[PDB]
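Presented below is the structure to which this report refers.
Chain lettering (A, B, C, D, E and F) follows the sequence in which the chains are written, and residue indices restart at 1 in each chain.
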Amino acid sequence: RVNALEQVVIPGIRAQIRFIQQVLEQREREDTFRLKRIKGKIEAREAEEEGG
Amino acid sequence: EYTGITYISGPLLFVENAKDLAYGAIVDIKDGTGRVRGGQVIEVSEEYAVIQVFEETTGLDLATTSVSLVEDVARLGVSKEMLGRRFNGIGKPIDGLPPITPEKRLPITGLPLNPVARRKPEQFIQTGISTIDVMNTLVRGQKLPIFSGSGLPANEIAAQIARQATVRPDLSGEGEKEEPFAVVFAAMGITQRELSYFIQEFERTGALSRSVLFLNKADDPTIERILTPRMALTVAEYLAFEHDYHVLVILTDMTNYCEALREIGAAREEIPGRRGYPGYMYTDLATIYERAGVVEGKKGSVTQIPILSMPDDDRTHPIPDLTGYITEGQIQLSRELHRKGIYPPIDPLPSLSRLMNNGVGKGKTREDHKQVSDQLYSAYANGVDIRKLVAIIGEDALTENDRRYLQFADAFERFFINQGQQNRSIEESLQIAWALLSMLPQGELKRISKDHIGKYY
Amino acid sequence: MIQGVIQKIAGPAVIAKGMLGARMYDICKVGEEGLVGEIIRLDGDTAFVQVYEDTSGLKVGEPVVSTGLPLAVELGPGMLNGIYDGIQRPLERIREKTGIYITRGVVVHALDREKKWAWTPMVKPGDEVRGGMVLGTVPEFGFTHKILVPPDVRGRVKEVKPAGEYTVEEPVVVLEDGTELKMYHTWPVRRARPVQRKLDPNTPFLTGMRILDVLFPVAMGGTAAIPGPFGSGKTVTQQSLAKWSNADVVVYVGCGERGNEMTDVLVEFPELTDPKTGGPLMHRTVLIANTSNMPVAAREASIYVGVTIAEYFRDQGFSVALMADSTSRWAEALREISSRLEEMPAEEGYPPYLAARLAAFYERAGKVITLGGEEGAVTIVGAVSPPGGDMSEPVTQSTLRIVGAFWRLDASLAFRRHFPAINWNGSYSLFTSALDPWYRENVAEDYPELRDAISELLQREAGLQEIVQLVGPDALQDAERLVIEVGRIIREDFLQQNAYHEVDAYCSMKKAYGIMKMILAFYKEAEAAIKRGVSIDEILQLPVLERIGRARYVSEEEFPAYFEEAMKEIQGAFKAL
Amino acid sequence: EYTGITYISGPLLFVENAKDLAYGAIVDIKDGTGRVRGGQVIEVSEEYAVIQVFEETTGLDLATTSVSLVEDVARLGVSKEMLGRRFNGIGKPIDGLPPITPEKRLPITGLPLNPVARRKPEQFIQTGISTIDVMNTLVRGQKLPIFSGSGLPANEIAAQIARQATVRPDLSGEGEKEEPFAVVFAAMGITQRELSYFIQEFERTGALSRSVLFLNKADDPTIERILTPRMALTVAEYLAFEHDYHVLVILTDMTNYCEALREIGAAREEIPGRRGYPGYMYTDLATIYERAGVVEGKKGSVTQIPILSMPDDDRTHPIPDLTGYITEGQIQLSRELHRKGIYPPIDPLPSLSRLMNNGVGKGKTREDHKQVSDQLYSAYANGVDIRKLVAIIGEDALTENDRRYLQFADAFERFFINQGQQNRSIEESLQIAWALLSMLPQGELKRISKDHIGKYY
Amino acid sequence: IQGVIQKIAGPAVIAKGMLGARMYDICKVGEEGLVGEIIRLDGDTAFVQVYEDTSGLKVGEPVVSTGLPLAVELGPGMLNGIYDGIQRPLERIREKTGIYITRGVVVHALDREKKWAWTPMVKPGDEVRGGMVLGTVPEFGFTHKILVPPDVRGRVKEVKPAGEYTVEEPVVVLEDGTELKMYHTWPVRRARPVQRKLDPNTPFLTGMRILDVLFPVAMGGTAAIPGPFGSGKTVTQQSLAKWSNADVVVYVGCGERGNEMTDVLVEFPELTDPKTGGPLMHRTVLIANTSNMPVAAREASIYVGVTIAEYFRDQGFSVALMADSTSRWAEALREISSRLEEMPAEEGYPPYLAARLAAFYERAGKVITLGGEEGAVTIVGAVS
Amino acid sequence: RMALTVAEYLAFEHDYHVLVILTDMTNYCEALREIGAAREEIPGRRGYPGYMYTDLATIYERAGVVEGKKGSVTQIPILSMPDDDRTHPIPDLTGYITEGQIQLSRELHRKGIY
């Protein structure tokens, strides 16, 4: 059990959280980028009242 | 012919001098490649509009652009006689002869079917795979997606359901062989092998004079991967309901669907909201699946069989997500029985079923597999699960009792789940099933009744 | 007036211009066939119209005339027996006047005025009336479907029509206040029917399964919820309130119930007969559910027009069981709003309005005495799913797990034979210290004691479970397999129940009481078996374990005499051996 | 007027002549349905403001829109007669008595205390509990979160210990008649049960004649949610610093508060932080726990206790991460205790106060308390590991010492952790301890002094 | 300059009437003069990052600006001197506002109302060397050499005799023109010039055997102590600086705890030096921020101290800087970069985190100055 | 890229062989990433530039042997791993780019091998 644990199990049960984490995290680049372009629209709209 | 571009990139165009266009309208256009393409007015605007071309732009100059409102609503000519003929996503016949004359020109958007107009079906069919016709019971007007991984076959298994699809003559207490049985097809993205592979098993089927094929290739535009689905199903509505025939519709490559869905997802205005895919996705998989259902007053039916091909074996992936919820009763394929050489490689241990004592297993559907389904479940489980538990507890450790559990695993799976070119009737199933069930003594066989046991001794 | 035309039609939504006088969250008439919109934003003379019916031919320059009602729900009789929409349009009228296909721009009466209903007055013309006072009793089947005075309205009577049928539109009591009380009366869907006070829940609701009460108790006047990832038994768990609930008023409403699932479940009610009523099951089911064949924006309306209907019933003085079939569907519909309006929702794919409109739905009605002196109790059960397959998200925490009961499902769990299935540990009930009074007095003074005592054993086996999957038992002892086998029997017979069979479950005190006493017996004696020198191997091989394993098929009526003969066999086949 | 409307996305409203109006104001808006609505005036421009309606989102119209400027600065009147009042939410009559009397005006948003004038704790509170007075030691003027789960009920173990608490500082030499006690409860998102279950208990024994209540209903919008802690925080100030009272803040379910916030910020053009939760949180969470503590020269102090909910109690969630820096020490409720039915669920093992020597000292809690706390720690902990060895190897095959360390754990949950609503003193809890420790030989007593062993067994 | 407020979103303010505004410019927004700072300009308007929260501020007010870039203040009074992350004296805040703090507080950054000693260590007609000799202040710590800042090597006139002179009072002026006073201003974002950066070669005592003798980092290291405080770890941090061979200690935190962080401050005069034999407080600079402290207070935290140690370095003192809670420093930065166009893109933190992280260690260590004197800026990185 | 181009001159033309001993590419990614975070090339792949390879293309291009001229230019990248795992782009993308790999592990570090 000792032998086994220090190899396949333990860091493996780690790398699972890590892999998960990183992909959850990276997904939220697209969130911000989209949200950016959303902002751009909103301001662009109130900038046609006062200009072009 | 309206001229004046503002944005062109992909099958989404924007062009001005418009307000005479309606939601869901056939226009035409001119391009610099000297060709006249299509366009559905998917969205409408103040002095422009969003157009969706039925072909990829590979050339379109700003000197020469055009718009001509052909028709206000958007439609396809559909007639009674079009069986025996092949078609494509554009909607031209690929046969080589003049296009048939409509009776109705029905919209391609689809008109939903009333939930009031249906009623519980109960007439079962032979799929030529034992496992289905016992556990889930595939009846008319019911969906049952066959979940398929990526790196897994999808084509192989599909073919088995197409050449061994057949009503019971009176094994259920009746037939529907008295009315013509026919099949409809429509592929949404296919390569070089999948093209011919399907056609040569339809000559096995003996059906190519009574089927309507809406083949969409990958050399065919990517925009017609989501047009064609709706389109196909309107030619289902026409022939099952209004010309009383039991039509089997079989939809495959609902991952190539999802490729095209994604495109409009982010390239249009709308933002992602289903973990990096659209949020109007729901409607896109609703309008598709919810049309199908046996209507009460009609003899005929649209029986839809979705065949997925979803990326890997994730279950958080958009596709299996919504599909799960939608369908009532499901079937899965895995890689447990695809390393053993067992075609089909159906695995019901993680799979689920929600109709098997819900208007099925009772009624004009036999009660002699009623208690069998309930029994097979917890029995098959005892199996598979402990195959895992053995490699922890010991390396060969299994007690008097658990020994029996695992004994019924290897056996059931081999015999039963290898069908393929072998057809088993309702009777042939139950016989064999009970004889593997005699491996467990009385007390695990509590669920089967006194009658059942002797019945199929 | 409110007038204008379509500026930009995009998706099911229409963005209007020229809107003058338009007010927020108010019903409208849209296009030229009548599709009915809602003002869900203003920006001066443009207001984003959200149109509940999908668009299909509508274009620029077409009418947009807002009615000026605050999306009012039309309250009156004819609710019982008859399908309706989530947007309240009878489906009876659609099928007969169109065809079998739902087409856009079908507009019919929300509350039928192609019906009349027998009037019995009660109120006298010499009296005054009060908000929340009964004007008479309309007899709708075996139920008592009173007619009440709309809250915030009172006067002095001067006439009251005498008995006869009258159309719901005609008055039946008139007043000196310039008004006429009719059986056709407006109440907003954004404003709740007023309550006299809130009461503390202290009677439990019997949801007639021996695992959705006994182990995790649910309250009457409560709120509860069950989830279900990716079609694990999300739809099936309402076959457990189908008729095994104690409600006198059952409201089945769905945010979106797909086509295939109304081919069996929706047709199930006119094909059944409830035993409590003694009469039909559809008499006591309202039906106001929405299909997914029905447009995406109709899914968003659903919830607020059926919750008020639930209040209308609660007021009369009847137990109301409201259960929103897959409440998860209103969230996608709400979330589509963002896309179309140029906004971006709450991060990680969560809907843009979280707590605000979820907490509101649940607490709209629930354990409240009324103006009119009657006992209102609303039992609401959200049958959500996690869209991404995570049970850790805002909307689960704020109002789907902080309620009376929180439950969970696994995927190979339910497949063995548990329909529906629950996680023994990971599932709790918050309310359980307030459901102890009635259970003490009515059932027995050891019903609260035995139900905590069964739960203890069920969750203590978990202790060993882990080690089994770590390296295993290489030592079986007398104290080992004790907890382990017992607990086995308990999960095998007490949590494997079916909702498709009336022998595997049913609403009955005595069945729950009974079964749980059999298991108590087997348990009791086992502890004193081992001490004497009785191997756990033989404990299996007593036939009495099999006697408790044939209590989950037993006929309901037969059970009393059955139980009494069986309690004796335990104690005889233990103390002897 | 203030006419001009642009965006009413949800509970927004814009108004012209935003130059008189300011940031951090609160205002009456006039609408044609006759409704009176507050709403803080946020994101002000010289043309456009943002105001957020304290009443629903229905009745806003573009015909009647006006704004009565109340006062630009955040306001809220404070009174010293708040010591027997009862109020829900912001501060609205549930006692039927006037809401406020102006004896002073203090905002709900200021800048907390100098650390140069912050004293440390030196007294103690008795909640009448064991484990939160022995193993972890809460004292007068202390920061200390109670980490609950969402599966678990936050809310019960909150109001239970609420009314139950009666200060006791006899041993220090200060009475209950030279120490007043004021219990401040501020909740949010409470259901119909929880909203009535509280008021009842509070009214039961006197805990509302010597306390003031707050609890923000679930029918109320998410904008009032936020002001709820900031409200009761500012009241706690005017009592303890300026009349010598010792208040106890009990916040209940922090998550709901942070959810709400997120929607305000998203419409105030900011990006949420990790796990999709507010990233502008750090500051706001700080000011609520850092505008408590002791004061130099004032005997009074606000003691801070928040309660939060966590889906699985992990640290992966932002919700504990943030908190856990600004607060000292930790109490956390685990699943195992609660399932079996033990109240409070408090486990002493994940827990540890960071301050127990910088609170009370010797002779103020009896001198033996110190080492008797690190006895019981090690005695318990040893036994929760041989409960999963109670039947593998057994306890009959185990040492004498370890056999006692089993039974010890069991009696610890029964008598020490659990006592329900019964009260206890420092001295009666140390009594329990001794009895349990007599069972262990003097040879197994090594975590106390020779003085302590000869003090009692 | 002087301008007018246009918007208020959040704690941040945005105000036009700015033109010819410097970058990292002194801004005192409103008629309340909230301690703020001009940043990234846009158009004829600017974005203004206001540390102190705003909630009384109305738009359209006057905004006074100095028109000179914010700098760190360096003079006497720093040894045995309590300050925060804005660098105001937290106890003269206690006397002039009371126990509680009401924002818009501005006081001098050093004790300038005292009359501080002086002795001339130069005369007229001689030339000064930058970074060294001007005149010393005798104090009750050791000494404190008030030296002229770098690149000022010119001739001096008029050096006044040893006595007592306020910080704002002159004692010296230059012959070539350009006047100077005892208070000196050095840029917050720049570091002073060196001649070599040396190599570390004198061991850094910590006064406990095992710590330094087994694992030395010597004088000019960079170390770390991980795991959160409250494990008795704080034992290590206090005693470290307390015993350790130096002549000045600077203690600094940022986002540190509640009451546990106020135990430290009162127990600080109760720590005792081995060298002087009296309190450590005599020879300790505080610039700690608690956590009730303003938004960007904690974010500016670091930089202050760095600079301040370099002053003591140039003098020929050994300093011992103790960077408590490096991990919690990041909290504020995330918040600020969210509300701007520096949005997250790394992994739950902005990617400008690594940039602002480095410089704190890069600009410290044992090196020789322009003044030719040695001293060290040993850092011990409590990440926690 | 300065080190590189500079060397190509002296390398081929004057005919002297040199070996460019490049150290931590970590600090390369780090600094690079900031820039694309205000011009909106949105760096991320796992939190490192997704435009990484693009820039490293020219920089590591001269690392083989030319024909004609003698002397050449050879890259020797030297960089740590934040984890053993080859998932994160610090070793992964670098892997693909360059010609094979040589790890020193920690499997012998642990023992006192040097």
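Throughout what follows, contacts are C-beta pairs under 8 Å (C-beta built on N, C-alpha and C of every residue); 3 or more make two chains touch, one makes a residue touch a chain.
Asker: Touching both chain C and chain E: give me those chains, sorted by label.
Answerer: Chains that touch both chain C and chain E, as defined above, are A, D.
Asker: Check every other chain and keep only those touching both chain D and chain F; list them.
Answerer: Per touch definition, common to chain D and chain F: A, E.
Asker: So which has more C-beta pairs touching, D-E or B-C?
Answerer: Ranking B-C and D-E by C-beta contacts puts B-C first.
Asker: Which chain is most central here if centres come from C-alpha coordinates alone?
Answerer: A
Asker: Roughly how far is chain B from chain D, going centre to centre by Cα mean, in whole Å?
Answerer: 54
Asker: Hey, how far is the Cα centre of chain B from the one of chain F, in Å?
Answerer: The computed centroid separation for chain B versus chain F comes out at 50 Å.
Asker: Express in whole angstrom the distance between the two chain centres, defined as the mean CA positions of chain A and chain D.
Answerer: 32
Asker: Rounded to the nearest whole Å, what is the centre-to-centre distance of chain C and chain D, using the mean of the C-alpha atoms as each centre?
Answerer: Roughly 34 Å, centre to centre.
Asker: Residues of chain A that contact two or more other chains, please.
Answerer: 22, 25-29, 32, 34-36, 38
Asker: Among the residues of chain B, which are close enough to touch at least two other chains?
Answerer: Those would be 271, 275.
Asker: What are the residue numbers in chain E that touch two or more other chains?
Answerer: In chain E, residues 343-345, 347-348 touch at least two other chains, as defined above.
Asker: According to the definition of touch, which chains form touching pairs?
Answerer: Pairs satisfying the touch definition: A-B, A-C, A-D, A-E, A-F, B-C, C-D, D-E, E-F.
Asker: Under the definition above, what is the set of chain F residues touching chain A in their complex?
Answerer: Against chain A, the touching part of chain F is residues 40, 42, 44-47, 84-85, 87.
Asker: Going by the contact rule at the top, pick out the chain A residues touching chain F in the complex.
Answerer: Chain A reaches chain F through residues 11, 15, 18-19, 22, 25-26, 29, 33, 36.
Asker: Which of the residues in chain C come into contact with chain A in the complex?
Answerer: Residues in contact with chain A: 342-344, 347-348, 471.
Asker: Given the complex with chain E, which residues does chain F contribute to the contact?
Answerer: Within the complex, chain F contacts chain E at residues 30-31, 33-34, 36-38, 42-44, 46-47.
Asker: Using the touch rule from the top, collect the residues of chain C that touch chain D in their complex.
Answerer: 21-25, 41-44, 70, 188, 190-192, 198-201, 219, 221-223, 341, 343, 346-348, 350, 352-356, 359-360, 362-364, 366-368, 391-392, 394, 396-399, 401-404, 406, 425-428, 430-431, 433-434, 452, 455-456, 459-460, 463-464, 466-467, 473, 475, 477, 479-480, 482
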